[PDB]
Amino acid sequence: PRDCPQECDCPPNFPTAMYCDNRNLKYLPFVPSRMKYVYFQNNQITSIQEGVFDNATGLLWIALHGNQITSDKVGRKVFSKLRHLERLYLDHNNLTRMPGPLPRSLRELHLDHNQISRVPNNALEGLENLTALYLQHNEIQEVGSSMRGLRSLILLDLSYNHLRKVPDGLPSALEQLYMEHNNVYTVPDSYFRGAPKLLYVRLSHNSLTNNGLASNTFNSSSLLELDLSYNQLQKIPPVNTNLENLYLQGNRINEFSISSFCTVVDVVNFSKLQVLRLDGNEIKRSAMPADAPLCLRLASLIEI
Ligand SMILES: *[C@@H]1O[C@H](CO[C@@H]2O[C@@H](C)[C@@H](O)[C@@H](O)[C@@H]2O)[C@@H](O[C@@H]2O[C@H](CO)[C@@H](O[C@@H]3O[C@H](CO)[C@@H](O)[C@H](O)[C@@H]3O)[C@H](O)[C@H]2NC(C)=O)[C@H](O)[C@H]1NC(C)=O
Ligand SMILES: *[C@@H]1O[C@H](CO[C@@H]2O[C@@H](C)[C@@H](O)[C@@H](O)[C@@H]2O)[C@@H](O[C@@H]2O[C@H](CO)[C@@H](O[C@@H]3O[C@H](CO)[C@@H](O)[C@H](O)[C@@H]3O)[C@H](O)[C@H]2NC(C)=O)[C@H](O)[C@H]1NC(C)=O
Ligand SMILES: *[C@@H]1O[C@H](CO[C@@H]2O[C@@H](C)[C@@H](O)[C@@H](O)[C@@H]2O)[C@@H](O[C@@H]2O[C@H](CO)[C@@H](O[C@@H]3O[C@H](CO)[C@@H](O)[C@H](O)[C@@H]3O)[C@H](O)[C@H]2NC(C)=O)[C@H](O)[C@H]1NC(C)=O
Ligand SMILES: *[C@@H]1O[C@H](CO[C@@H]2O[C@@H](C)[C@@H](O)[C@@H](O)[C@@H]2O)[C@@H](O[C@@H]2O[C@H](CO)[C@@H](O[C@@H]3O[C@H](CO)[C@@H](O)[C@H](O)[C@@H]3O)[C@H](O)[C@H]2NC(C)=O)[C@H](O)[C@H]1NC(C)=O
Ligand SMILES: [Cl-]
Ligand code: NI
């Protein structure tokens with residue numbers, strides 16, 4: 001049992017892999033039953049025909065990035081019988097909608113550099129082993145509640161999109177969240193309290209104003225780095241003493257309030273901030289009081 005499409009290469013030393021990448025292919029051949037790894041990247045494929053993977057029920061990897069696939073030419077239920085699929089690469093195509101339904105066994109999903117306009121609420125239903133989701137460089141306007149059920153998700157990249165609203169609910173294991181270069185103008189009260197293990201957040205180049213925030217929005221005990229540069233902030237939003245890096249350059253901040261870092265300062269209460277950028281705002285260095293180091297006791301680099 002070693003049949004192989006003529007346009008592809010199947011190594012004898014590794015009979016469960018099939019290489020069809022970078023060959024000017026125009027369509028997908030039907031995959032042999034034994035295959036676990038298939039590589040179709042960097043061709044001129046335009047469609048994923050119905051039933052293409054139905055013989056290979058043991059597929060783990062599918063690489064389809066770097067083609068010209070459109071959403072109307074993704075076959076019906078084409079991924080449905082692949083109940084062990086772990087990794088799927090669909091970045092750099094011509095997709096306008098989320099493909100699906102997707103197998104509940106997925107661990108990584110790449111969908112960046114397409115033209116996806118929206119993530120419906122049920123688009124990622126049941127993917128409880130998904131650890132990384134790449135969606136940057138699309139035209140997404142909203143994702144709704146699609147992220148709530150992803151119990152294993154560590155990384156979510158939504159940067160360089162058209163987001164008007166932050167995701168309505170975050171999963172509990174999330175550590176990295178990137179949403180820079182979007183159109184966010186509001187963030188709700190206690191938004192990050194639902195993500196106990198969140199470490200890195202980027203929200204630069206959006207349309208944030210203090211009136212669109214709550215007092216405690218960015219006060220979270222888990223955060224290490226927070227990037228909010230080039231918004232339209234007039235005041236330093238309050239933060240937790242655990243925060244280590246804060247970027248606020250290119251805003252409209254017109255006062256230095258020490259109470260944004262520490263509500264009370266004593267021998268054991270103080271900010272652990274190491275890096276702080278406040279340059280490109282409406283304050284001079286003299287706006288920072290002489291006794292500021294009592295609060296910012298660890299600040300090694302402060303730019304104003
Ligand atoms: C996709 O899969 C089909 C069917 O797979 C068959 O059913 C599965 C449940 C497994 O048990 C497979 O092992 C099994 O093959 C493949 O078609 C099948 O091809 C084989 C040839 O290797 C056919 O067997 C032969 O059939 C002739 C005619 O009856 C006999 O004279 C021979 O003695 C021998 O038995 C088998 O009949 C055929 N099955 C069907 C339903 O047509 C198909 O090749 C495969 N495609 C790829 C690309 O892998
Ligand atoms: C899949 O998408 C590619 C790329 O689409 C490009 O990026 C998008 C974000 C939009 O901005 C699109 O407007 C943009 O094209 C498509 O490739 C594109 O094909 C068209 C023709 O089909 C190309 O236009 C030509 O451009 C040359 C100059 O190089 C002119 O001389 C021609 O007269 C003609 O106008 C376009 O340049 C090309 N873009 C890229 C980046 O290669 C692709 O067609 C599409 N595939 C499907 C199946 O929809
Ligand atoms: C979500 O993922 C879990 C667990 O995945 C596991 O953990 C990873 C870190 C890796 O180590 C993976 O290799 C590993 O599978 C899935 O649960 C697992 O399901 C498989 C069935 O496909 C179970 O296989 C069994 O394993 C036992 C040995 O304990 C054998 O005796 C059996 O014959 C059978 O092969 C596996 O045990 C099970 N693991 C756990 C920890 O539950 C889960 O299926 C997956 N979710 C979805 C929807 O696919
Ligand atoms: C950032 O957030 C911390 C902690 O926030 C606490 O936990 C959240 C989940 C919410 O439930 C908050 O409501 C809650 O306060 C803030 O630290 C907290 O500051 C308050 C002062 O407003 C402390 O409360 C006071 O404590 C004294 C002495 O115990 C009492 O006498 C007072 O009556 C009053 O209750 C609170 O103890 C303190 N918590 C911790 C864990 O340190 C922090 O102020 C905030 N930062 C900014 C800039 O707003
Ligand atoms: Cl980039
Ligand atoms: Ni880019």
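For every chain, the first residue of the written sequence is numbered 1, i.e. counting runs from 1 onward, and this need not coincide with the entry's numbering; residues without coordinates are not included. Here every chain gets a letter starting at A, and every ligand a number starting at 1, in the order they are written. Excluding hydrogens and water, the side-chain figures rest on all heavy atoms present in the structure. Residues with missing side-chain atoms are left out of burial classes, side-chain pairs and their counts.

Per the PDB record, the structure was determined using X-ray crystallography to 2.210 Å resolution.

Labelled according to the PDB entry, the chain appears under the name Fibromodulin, originating from Homo sapiens. UniProt positions are given in the numbering used here, feature names are shortened, and annotations may be inferred rather than shown by experiment. Recorded under Function, the UniProt text for the chain is reproduced unchanged: "Affects the rate of fibrils formation. May have a primary role in collagen fibrillogenesis (By similarity)." What UniProt records for the chain under Subunit is the sentence "Binds to type I and type II collagen."

Undergrad: Describe in detail the state of the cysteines, supporting the description with residues and values.
TA: Between two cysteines, a covalent bond joining their sulfur atoms is known as a disulfide. Any two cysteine sulfur atoms lying within 2.5 Å of each other are counted as a disulfide. Going through the model one piece at a time under the given rule, you end up with 3 disulfides. There is a disulfide in this structure between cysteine 8 and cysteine 20, and the S-S distance comes to 2.0 Å. Taking the torsion about the S-S bond as the criterion, the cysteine 8 to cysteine 20 disulfide, at about 115°, is right-handed. Linking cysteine 8 in the segment before β1 (17-19) with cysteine 20 in the loop between β1 and β2 (37-39), this pair joins segments that are 12 residues apart in sequence. Using a 1.4 Å probe on the protein chains alone, a residue whose accessible area is under 20% of its type maximum counts as buried, one over 50% counts as exposed, and one in between counts as partly exposed. A residue is classified by how much of its surface remains accessible, and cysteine 8, at 6% relative accessible area, is buried. On the basis of relative accessibility, which here comes to 0%, the residue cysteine 20 falls in the buried class. Shown here is the disulfide that connects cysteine 262 with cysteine 295, its sulfur atoms set 2.0 Å apart. Disulfide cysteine 262-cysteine 295: torsion about the S-S bond near 85°, hence right-handed. The secondary structure listing takes helices from DSSP runs of H or I that are at least 4 residues long and strands from runs of E that are at least 2 residues long, numbered from the N terminus.

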